[PDB]
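Here you'll find one protein chain in two forms, each presented separately as structure tokens under the names structure 1 and structure 2.
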Structure 1
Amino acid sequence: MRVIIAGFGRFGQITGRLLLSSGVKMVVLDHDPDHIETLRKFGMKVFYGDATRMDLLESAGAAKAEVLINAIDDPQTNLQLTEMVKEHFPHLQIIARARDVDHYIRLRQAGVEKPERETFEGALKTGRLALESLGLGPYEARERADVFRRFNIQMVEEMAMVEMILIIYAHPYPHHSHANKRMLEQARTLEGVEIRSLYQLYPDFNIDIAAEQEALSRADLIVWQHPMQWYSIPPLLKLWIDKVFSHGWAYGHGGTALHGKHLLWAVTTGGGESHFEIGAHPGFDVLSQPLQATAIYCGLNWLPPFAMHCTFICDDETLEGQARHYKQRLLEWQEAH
């Protein structure tokens, strides 16, 4: 049905087994009879053939497939496949393996968005392990790898080339969202709203601080929009705060990037207001305290929260009632600023 995989050695095998674990249907071509053999032994069925033959690709279902995984090792063959596919199967999304930088560059120029250098992440992981056995903590080693990865990709993208409302959205599952999605649909029908969805930008929890601080600089209203999770916020939003509100950008000497900007907490909850009469300091507004303190410390003005309660039990029309009041609040804020 949806995926063709060209090459089913070390690289292709892993990519295909991940997709199988998600119940994705695929057809696999390999031109190595020994690899096909070893795979038969482990219950994987792979078809024999050179994937640069458009007749083979065509019978594998290329005209109807969504994604082709180019996992061929040889740069020139890998590149031939790429060019042939975009000429004969232009609807087909190409995801490609790259042997090295030279190969990655040729793939970028061919129009592949994100070529994966075959040894890059493994070599990065090896570096982390070496740092660890030298005594760095595992987490700090991983942050250093994240910093190097961002620098190296930017460098390599450059080589390839050479040849106001800011909503910080922090739903972990934006595609599964009912309440927050409706809120965003409504907020989009204003100008000039920018939305930064953290879990789409940073699935590996590697905040790009410079990019985030740049967006915040162009914002007059910042919004923390998220579903409530355990009387609190999602892990990535907490990470965003800890990293982006840096010394001395958000606080200290000096430190004043956020001064005079406003902040709004826009939160959705499963339970209704009565669900929060628990513990030593009951009530919904008490839950804002860490966030409000955070904002005030960094020189932000804290607006009264937008809270959409009772998303568990409802009419599927307060989902749009309360969603419109969200837009109302944003529009209100800006007609005054």
Structure 2
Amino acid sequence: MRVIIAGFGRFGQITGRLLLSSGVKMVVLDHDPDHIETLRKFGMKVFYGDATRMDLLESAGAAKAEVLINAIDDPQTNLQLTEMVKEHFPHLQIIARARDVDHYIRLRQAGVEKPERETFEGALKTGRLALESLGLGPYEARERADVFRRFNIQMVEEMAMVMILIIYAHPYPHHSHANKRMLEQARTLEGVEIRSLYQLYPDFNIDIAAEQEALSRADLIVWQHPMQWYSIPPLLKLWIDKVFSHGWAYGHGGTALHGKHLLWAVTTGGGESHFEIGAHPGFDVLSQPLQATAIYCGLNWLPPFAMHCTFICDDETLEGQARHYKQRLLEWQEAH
């Protein structure tokens, strides 16, 4: 229906099995009598022949499909398919396997956004296993692989070619009601940049230098998120831990944030009264770790923006609250 997979070897099988687990229906283009049994069990419609055939492509539903996964092993065949689909089926999104760097480059030049070098991530994993058996902790080792990946991707992309900042930290931005409205409203302003952490770093691999650059340009920084267990989401905590670095956000020479302002914009399921609990009751006390973090780094902490009772929230209330968020924002701009 929405998905076509070309090639059902080792690579296509795992990609297909992951989609099938997530409830996605697909058809397969394959031409290996060896895969007949695998295909039988897999239980999807099969088009048996060369994927480069226009007739098989059309009968597979290419003119209506959203995504083609090009899992073809042979670079020449893999590229020929890519070129055919680009020419004949302009709305069909190509996700491609690449054999190696030369193949990756040719795919990039054919307009595939992020071709996946078939052994790359396996090889990085193997590197981490070696690091761990040499005595490195698994997390430090994964971080080292993350740094190398970013570097390597930047190098191969070069070979191929050859003021408000909202730090948004909802884990499921597509599923958001309250925060999503707040952001729609904020974008109607100017000099607003939005960085959605769970969209940028689903693998919890923050690019510190990219984050520091954006902060450098901002006058007001906003930490916007749904409250989770009286606190913030894991990825926002990671962002603080990584981005607010020694010699940059604090410590000797760490003055990059001095003079800037910070707003906490948080949504909660409960209402004010729910926070009257424990030794230090009241919603305002929960701002403490954040305010302490901001102050330590030389930021000016603003009165938080807080939207309560999203659990029982009227759509009329969701709107007025979102517009007051924009209003807080506008008012800060006019003062600065």
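Sequence positions of structure 1, starting at 1, serve as the residue numbers. The term rigid core refers to the maximal set of C-alpha atoms that superpose within 1.5 Å between the two forms.
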ask   = Of 67, 298, 303, 39, which one's CA moves 2 Å or more between structures 1 and 2, core aligned?
value = 39
task = Just grab the Cα shift of residue 49 between structures 1 and 2 for me, core aligned, in angstrom.
result = 1.1
message = Looking at residue 197, what is the CA displacement between structures 1 and 2 after core superposition, in angstrom?
response = 0.1
Shift in Å of the residue 314 Cα between structures 1 and 2 [rigid core superposition] = 2.4
